[PDB]
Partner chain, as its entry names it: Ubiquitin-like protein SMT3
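Heads up, the chain below is alone and in the form deposited without its partner chain; it's given as C-alpha coordinates.
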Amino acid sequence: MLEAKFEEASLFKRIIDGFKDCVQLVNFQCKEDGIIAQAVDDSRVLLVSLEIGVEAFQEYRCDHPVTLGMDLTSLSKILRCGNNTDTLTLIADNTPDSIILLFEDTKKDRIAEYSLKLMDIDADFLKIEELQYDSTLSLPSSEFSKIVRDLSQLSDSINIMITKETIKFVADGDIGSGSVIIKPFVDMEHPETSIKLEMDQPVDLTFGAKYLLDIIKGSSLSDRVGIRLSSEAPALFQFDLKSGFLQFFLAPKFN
(Lines give C-alpha, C1' and ligand atoms only; values in the text may rest on other atoms or scores of the structure.)
Protein backbone atom coordinates (compact mmCIF):
# COMPACT_ATOMS: atom_id res chain seq x y z
CA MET A 1 0.00 0.00 0.00
CA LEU A 2 1.58 3.23 -1.26
CA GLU A 3 0.35 6.61 -0.05
CA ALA A 4 2.66 9.33 -1.30
CA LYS A 5 0.75 12.47 -0.31
CA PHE A 6 2.32 15.67 -1.63
CA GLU A 7 1.67 18.97 0.13
CA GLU A 8 1.41 20.59 -3.29
CA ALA A 9 0.16 19.02 -6.56
CA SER A 10 2.38 21.43 -8.48
CA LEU A 11 5.41 19.87 -6.80
CA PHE A 12 4.97 16.53 -8.55
CA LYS A 13 3.86 18.33 -11.71
CA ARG A 14 7.09 20.37 -11.65
CA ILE A 15 9.22 17.26 -11.04
CA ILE A 16 7.78 15.35 -14.03
CA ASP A 17 8.19 18.41 -16.29
CA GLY A 18 11.97 18.13 -15.81
CA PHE A 19 11.94 14.59 -17.26
CA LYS A 20 9.33 14.33 -19.96
CA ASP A 21 11.25 15.88 -22.84
CA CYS A 22 14.31 13.57 -22.68
CA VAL A 23 12.74 10.32 -21.38
CA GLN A 24 9.29 8.80 -22.03
CA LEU A 25 8.90 5.45 -20.25
CA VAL A 26 10.40 5.24 -16.74
CA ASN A 27 10.17 3.05 -13.62
CA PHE A 28 9.60 4.73 -10.28
CA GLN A 29 11.06 2.51 -7.58
CA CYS A 30 9.10 3.42 -4.45
CA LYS A 31 10.77 2.46 -1.19
CA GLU A 32 10.05 3.52 2.40
CA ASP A 33 12.64 6.30 2.29
CA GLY A 34 10.89 7.88 -0.70
CA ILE A 35 10.80 7.39 -4.47
CA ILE A 36 13.87 6.77 -6.64
CA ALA A 37 13.59 6.88 -10.44
CA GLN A 38 16.15 6.58 -13.24
CA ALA A 39 16.12 6.61 -17.05
CA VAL A 40 18.43 6.85 -20.08
CA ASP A 41 17.46 8.67 -23.30
CA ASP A 42 17.46 6.92 -26.71
CA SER A 43 20.88 8.19 -27.83
CA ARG A 44 22.44 6.81 -24.61
CA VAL A 45 23.99 10.19 -23.78
CA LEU A 46 21.81 11.57 -20.97
CA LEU A 47 20.86 9.77 -17.75
CA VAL A 48 18.13 11.26 -15.58
CA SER A 49 18.11 10.43 -11.86
CA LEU A 50 15.42 11.36 -9.32
CA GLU A 51 15.37 11.09 -5.56
CA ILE A 52 12.44 12.10 -3.39
CA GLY A 53 12.60 12.52 -0.47
CA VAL A 54 10.34 11.67 2.48
CA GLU A 55 10.52 15.27 3.78
CA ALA A 56 9.20 16.63 0.45
CA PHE A 57 5.84 14.95 1.03
CA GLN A 58 3.15 15.85 3.49
CA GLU A 59 3.03 12.10 4.17
CA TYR A 60 4.59 8.95 2.73
CA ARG A 61 3.17 5.54 3.63
CA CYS A 62 4.74 2.65 1.70
CA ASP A 63 4.44 -0.82 3.28
CA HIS A 64 6.58 -2.72 0.74
CA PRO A 65 8.87 -1.77 -2.22
CA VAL A 66 6.77 -1.04 -5.31
CA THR A 67 7.75 -0.30 -8.92
CA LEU A 68 5.57 2.03 -10.96
CA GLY A 69 6.29 1.97 -14.68
CA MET A 70 4.70 5.08 -16.17
CA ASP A 71 4.48 6.79 -19.55
CA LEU A 72 5.31 10.42 -18.77
CA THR A 73 3.07 11.91 -21.45
CA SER A 74 0.06 10.12 -19.98
CA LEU A 75 1.21 11.12 -16.49
CA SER A 76 1.51 14.76 -17.59
CA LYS A 77 -2.06 14.80 -18.87
CA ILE A 78 -3.24 13.73 -15.43
CA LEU A 79 -0.91 16.22 -13.69
CA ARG A 80 -2.51 19.07 -15.67
CA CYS A 81 -5.68 18.43 -13.67
CA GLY A 82 -4.11 19.79 -10.48
CA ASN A 83 -6.37 22.67 -9.46
CA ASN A 84 -3.49 24.75 -8.04
CA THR A 85 -3.05 24.53 -5.31
CA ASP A 86 -4.43 21.15 -4.33
CA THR A 87 -3.12 18.23 -2.28
CA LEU A 88 -2.11 15.25 -4.43
CA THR A 89 -1.86 11.73 -3.05
CA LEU A 90 -0.52 8.79 -5.07
CA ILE A 91 -2.22 5.52 -4.17
CA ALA A 92 -1.07 2.10 -5.44
CA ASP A 93 -1.45 -1.43 -4.09
CA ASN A 94 1.35 -3.98 -3.48
CA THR A 95 0.95 -5.66 -6.86
CA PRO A 96 -0.50 -2.86 -9.02
CA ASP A 97 -1.77 -2.66 -12.60
CA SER A 98 -2.69 1.00 -12.20
CA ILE A 99 -1.95 4.08 -10.08
CA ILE A 100 -4.65 6.20 -8.45
CA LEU A 101 -3.96 9.94 -8.36
CA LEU A 102 -6.28 11.67 -5.88
CA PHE A 103 -6.71 15.48 -5.86
CA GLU A 104 -8.37 16.91 -2.75
CA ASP A 105 -9.21 20.53 -2.04
CA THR A 106 -8.91 22.05 1.45
CA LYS A 107 -12.62 22.96 1.23
CA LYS A 108 -14.45 19.90 -0.11
CA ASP A 109 -16.33 18.06 -1.60
CA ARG A 110 -14.32 19.11 -4.65
CA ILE A 111 -12.52 15.75 -5.03
CA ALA A 112 -10.91 14.52 -8.26
CA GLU A 113 -9.86 10.89 -8.68
CA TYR A 114 -7.73 9.83 -11.64
CA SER A 115 -6.57 6.31 -12.54
CA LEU A 116 -3.58 5.57 -14.77
CA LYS A 117 -2.75 2.17 -16.29
CA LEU A 118 0.84 1.10 -15.65
CA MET A 119 3.30 -0.22 -18.23
CA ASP A 120 6.12 -2.61 -17.39
CA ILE A 121 9.74 -1.90 -18.20
CA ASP A 122 12.31 -3.67 -18.34
CA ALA A 123 14.98 -1.27 -17.12
CA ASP A 124 18.50 -1.26 -15.68
CA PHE A 125 18.05 -0.09 -12.05
CA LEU A 126 21.48 1.40 -12.79
CA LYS A 127 22.58 2.69 -9.39
CA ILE A 128 26.25 3.65 -9.84
CA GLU A 129 27.92 6.29 -7.65
CA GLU A 130 29.97 8.45 -7.16
CA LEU A 131 32.94 10.00 -9.01
CA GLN A 132 35.79 12.41 -8.25
CA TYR A 133 35.01 15.72 -9.98
CA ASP A 134 37.76 18.16 -11.03
CA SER A 135 35.56 21.19 -10.43
CA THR A 136 32.12 21.76 -8.93
CA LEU A 137 30.01 24.91 -9.20
CA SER A 138 26.61 26.29 -8.30
CA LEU A 139 24.77 29.24 -9.79
CA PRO A 140 21.13 30.40 -10.06
CA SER A 141 19.24 27.93 -12.25
CA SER A 142 17.47 30.68 -14.22
CA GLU A 143 20.86 32.26 -14.94
CA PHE A 144 22.25 28.97 -16.21
CA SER A 145 19.04 28.60 -18.20
CA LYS A 146 19.40 31.92 -20.02
CA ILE A 147 23.08 31.19 -20.70
CA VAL A 148 22.18 27.88 -22.36
CA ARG A 149 19.21 29.27 -24.31
CA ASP A 150 21.29 32.18 -25.60
CA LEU A 151 24.41 30.31 -26.68
CA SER A 152 22.23 27.61 -28.33
CA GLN A 153 21.31 30.05 -31.12
CA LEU A 154 24.95 30.16 -32.17
CA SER A 155 25.96 26.50 -32.21
CA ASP A 156 25.04 22.85 -31.71
CA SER A 157 27.94 22.64 -29.24
CA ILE A 158 28.48 24.55 -26.00
CA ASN A 159 31.88 24.60 -24.32
CA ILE A 160 32.32 24.78 -20.55
CA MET A 161 35.70 26.01 -19.30
CA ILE A 162 36.80 26.28 -15.70
CA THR A 163 40.10 27.98 -14.93
CA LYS A 164 41.24 29.67 -11.71
CA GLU A 165 38.29 31.69 -10.33
CA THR A 166 36.53 31.60 -13.73
CA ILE A 167 33.57 29.75 -15.24
CA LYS A 168 33.35 30.23 -18.99
CA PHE A 169 30.59 29.09 -21.38
CA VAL A 170 31.53 29.25 -25.06
CA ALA A 171 29.63 28.63 -28.30
CA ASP A 172 31.00 28.88 -31.86
CA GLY A 173 29.21 28.64 -35.24
CA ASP A 174 28.50 30.02 -38.73
CA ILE A 175 26.83 33.18 -37.46
CA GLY A 176 29.77 33.87 -35.12
CA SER A 177 30.84 33.11 -31.55
CA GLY A 178 29.71 33.82 -27.98
CA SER A 179 31.31 33.76 -24.53
CA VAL A 180 29.78 34.05 -21.08
CA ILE A 181 32.23 34.59 -18.23
CA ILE A 182 31.14 34.36 -14.60
CA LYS A 183 33.32 34.70 -11.53
CA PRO A 184 32.63 33.34 -8.00
CA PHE A 185 30.94 35.77 -5.63
CA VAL A 186 28.71 35.91 -2.59
CA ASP A 187 26.19 38.64 -1.96
CA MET A 188 25.49 38.47 1.77
CA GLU A 189 22.08 40.11 1.49
CA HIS A 190 20.93 37.89 -1.40
CA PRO A 191 22.76 34.54 -1.00
CA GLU A 192 20.50 32.89 -3.57
CA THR A 193 22.13 34.89 -6.37
CA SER A 194 25.58 33.58 -5.43
CA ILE A 195 28.04 31.84 -7.69
CA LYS A 196 30.18 29.27 -5.90
CA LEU A 197 33.24 27.47 -7.27
CA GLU A 198 35.48 24.70 -5.98
CA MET A 199 38.42 23.72 -8.22
CA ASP A 200 40.90 20.82 -7.97
CA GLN A 201 42.02 21.30 -11.60
CA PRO A 202 40.92 23.13 -14.82
CA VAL A 203 38.30 21.66 -17.18
CA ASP A 204 37.67 22.07 -20.93
CA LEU A 205 34.46 20.27 -21.91
CA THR A 206 32.16 20.47 -24.93
CA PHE A 207 28.46 19.49 -24.73
CA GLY A 208 25.55 18.88 -27.08
CA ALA A 209 23.25 21.89 -26.83
CA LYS A 210 20.31 19.59 -27.67
CA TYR A 211 20.77 17.92 -24.28
CA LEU A 212 21.51 21.07 -22.26
CA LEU A 213 18.27 22.63 -23.50
CA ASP A 214 16.56 19.62 -21.93
CA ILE A 215 18.64 19.69 -18.73
CA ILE A 216 17.72 23.34 -17.99
CA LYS A 217 14.06 22.32 -17.74
CA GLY A 218 14.89 21.31 -14.15
CA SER A 219 14.83 25.08 -13.49
CA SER A 220 11.27 24.91 -12.12
CA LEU A 221 12.42 22.55 -9.35
CA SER A 222 15.20 24.58 -7.74
CA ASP A 223 16.35 28.19 -7.82
CA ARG A 224 19.93 26.89 -7.85
CA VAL A 225 21.75 24.42 -10.11
CA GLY A 226 24.82 22.43 -9.06
CA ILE A 227 27.31 21.46 -11.78
CA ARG A 228 30.15 18.96 -11.31
CA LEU A 229 32.62 18.33 -14.16
CA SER A 230 35.49 15.91 -14.86
CA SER A 231 38.11 15.55 -17.62
CA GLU A 232 37.22 11.89 -18.20
CA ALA A 233 33.76 11.50 -16.62
CA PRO A 234 30.15 12.44 -17.37
CA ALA A 235 28.97 15.86 -16.19
CA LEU A 236 26.50 16.10 -13.30
CA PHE A 237 23.72 18.71 -13.35
CA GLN A 238 21.65 18.81 -10.19
CA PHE A 239 18.58 20.69 -9.00
CA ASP A 240 17.85 20.30 -5.31
CA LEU A 241 14.43 19.54 -3.95
CA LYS A 242 14.03 20.34 -0.26
CA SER A 243 14.84 17.63 0.30
CA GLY A 244 15.88 15.23 -2.49
CA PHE A 245 17.22 15.91 -5.99
CA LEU A 246 16.81 15.75 -9.75
CA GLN A 247 20.02 14.80 -11.53
CA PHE A 248 21.32 14.77 -15.07
CA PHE A 249 24.39 12.89 -16.28
CA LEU A 250 25.75 14.01 -19.65
CA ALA A 251 28.40 12.50 -21.94
CA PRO A 252 30.70 15.16 -23.49
CA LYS A 253 32.11 15.50 -27.03
CA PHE A 254 35.55 13.91 -27.47
CA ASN A 255 38.42 13.81 -30.05
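Positions refer to the first chain, counted from 1.
Colleague: Of 196-204 and 46-54, which one has the bigger average CA B-factor?
Modeller: Taking the mean C-alpha B-factor of 46-54 and of 196-204, the larger value falls to 46-54.
Colleague: Mean Cα B factor from the PDB record: higher for 73-81, or higher for 88-96?
Modeller: According to the PDB entry, the answer is 73-81.
Colleague: Among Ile121, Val148, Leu137, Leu102, where is the Cα B factor highest in this entry?
Modeller: When the deposited C-alpha B-factors of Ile121, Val148, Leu137, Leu102 are compared, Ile121 is largest.
Colleague: Per the entry's values, where does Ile182 land by CA temperature factor relative to the rest of its chain, in the lowest, middle or highest third?
Modeller: It belongs to the middle third of the chain when residues are ordered by C-alpha B-factor.
Colleague: Within this chain, which third does the Cα B-factor at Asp156 fall in: lowest, middle or highest?
Modeller: Tercile = middle for this residue's CA B-factor.
Colleague: By its CA B factor, does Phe144 count among the lowest, middle or highest third of the modelled residues in the chain?
Modeller: Lowest third, going by the recorded CA B-factors of the chain.
Colleague: Considering every modelled residue of the chain and its Cα B-factor in the PDB entry, is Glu232 in the lowest, middle or highest third?
Modeller: For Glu232, the deposited C-alpha B-factor lands in the lowest third.
Colleague: Ranked by Cα temperature factor within the chain, is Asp41 in the lowest third, the middle third or the highest third?
Modeller: For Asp41, whose C-alpha B-factor we compare with every modelled residue in the chain, the answer is the highest third.
There is another form of this protein, the form solved in complex with its partner chain, and it is not shown here; the text below is about that form.
Colleague: Can you work out whether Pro202 and its partner chain are in contact in the deposited complex, taking contact to mean some heavy atom pair no more than 4.5 Å apart?
Modeller: Contact check for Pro202: no, nothing within 4.5 Å of its partner chain in the deposited complex.
Colleague: Quick one: does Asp33 come within 4.5 Å of its partner chain in the deposited complex, counting heavy atoms only?
Modeller: Flag for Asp33 set to no.
Colleague: Does the 4.5 Å heavy atom contact test between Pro65 and its partner chain in the deposited complex come out positive?
Modeller: No, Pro65 stays farther than 4.5 Å from its partner chain in the deposited complex.
Colleague: Tell me, yes or no, whether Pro96 is in contact with its partner chain in the deposited complex, where a contact means a heavy atom of each within 4.5 Å.
Modeller: It does not: once its partner chain is placed as it appears in the deposited complex, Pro96 has no heavy atom within 4.5 Å of it.
Colleague: Would you mind checking 182-198 for residues with a heavy atom within 4.5 Å of its partner chain in the deposited complex?
Modeller: Stretch hits, in order: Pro184, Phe185, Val186, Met188, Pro191, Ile195, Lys196, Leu197, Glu198.
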